[PDB]
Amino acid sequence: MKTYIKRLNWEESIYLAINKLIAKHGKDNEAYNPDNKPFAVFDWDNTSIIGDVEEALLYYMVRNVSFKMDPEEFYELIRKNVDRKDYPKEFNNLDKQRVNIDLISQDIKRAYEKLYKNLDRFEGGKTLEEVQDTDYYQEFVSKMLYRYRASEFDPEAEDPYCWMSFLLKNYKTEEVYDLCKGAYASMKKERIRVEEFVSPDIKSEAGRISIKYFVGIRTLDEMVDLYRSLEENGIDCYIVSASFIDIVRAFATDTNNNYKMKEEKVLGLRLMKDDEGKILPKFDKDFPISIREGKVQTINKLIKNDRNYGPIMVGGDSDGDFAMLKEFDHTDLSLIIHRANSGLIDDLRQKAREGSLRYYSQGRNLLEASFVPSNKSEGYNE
């Protein structure tokens, strides 16, 4: 019984299943054929890592005002594809009034205008630190994180999406890598925590809001080891993420993040570019959208070919991964990180907790940024 991965904090039964998988499908097996190479597929956020690359990047870009837009442009961007209906009651302002994108976008614009007027990086002469004590800075940060937590995409929009990657408008890909290189080095240093942000006592359209936001991102020793071990045994290890491809590639291929994956093995959401290669807040319809059933389309069209088979193992953590976790008969092992989330994914967790030989739950301790050797997670979880 040869072992191919380090034990670390894997749940025992998964640990055994992974070794059986690599012995069966890996280069050590007499049936191995390099002309019919096996592959596996994993989600990135909260699966391969603790945290979420877009969640972490949003926090960074907001705090550092890392945007390549003028105020009017910025106002139009943050409203793009957002449903105009009032936000759910749990997001009411401190005065118990309803809030919506019209009100919050005006407030953010007024704040951004002051940032644009004062910051060295824009039209002013002040450093970031020199504005961080200001009401407008406090307002921009709190209301931005609020708007990205509270908003829902308009079901009639061409792209069903109003999330953070649009904030990269006007960036070229190389500028995204540059941004991320610095963003992730800093975010990996952040104490893992849920932080609360409250907007200042000033006059505004939306009034005062407060928002809680998860701050933290960390690599996982078990996933670094697993991905490395798969490749070393002749099993390709692909990432299929709903995050913007430039962002996830920047993180996964970064030399400081341990995984050191090759960009061709990392797939995500595709945004269109103009002729100069500047990013546009618009999906590139030439590719499948890599979420839910779209992850299966991505595997079927962009990964599978005549020289491979799989996925022999799939890893995921949320409803977005449900389709790919159950789709393929070739999948021997469907690994589900045990988050405090529910819905479609609970169907597969039920199979796992009822003794499935395919679906397995792996526990984590979120605030400790670690796996735990159990199928159940421990401590605060999201």
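Just count from 1 along the sequence shown to find any residue number.
Stretches compared: 205-213, 293-301. Higher mean C-alpha B-factor in the entry: 205-213. Taking only CA atoms, the mean B-factor in the PDB entry is higher for 279-287 than for the other of 279-287 and 235-243. Taking the deposited Cα B-factors for 125, 88, 268, 311, the highest one is held by 125.
Per-chain ranking of the deposited C-alpha B factor places residue 26 in the middle third. Looking at the C-alpha B-factors along this chain, the one for residue 147 belongs to the lowest third.
The deposited CA B-factor of residue 46 belongs to the lowest third of values across its chain. Residue 191: CA B factor in the middle third of modelled residues in this chain (values from the PDB entry). In this PDB entry, residue 109 carries a Cα temperature factor that places it within the middle third of its chain's modelled residues.
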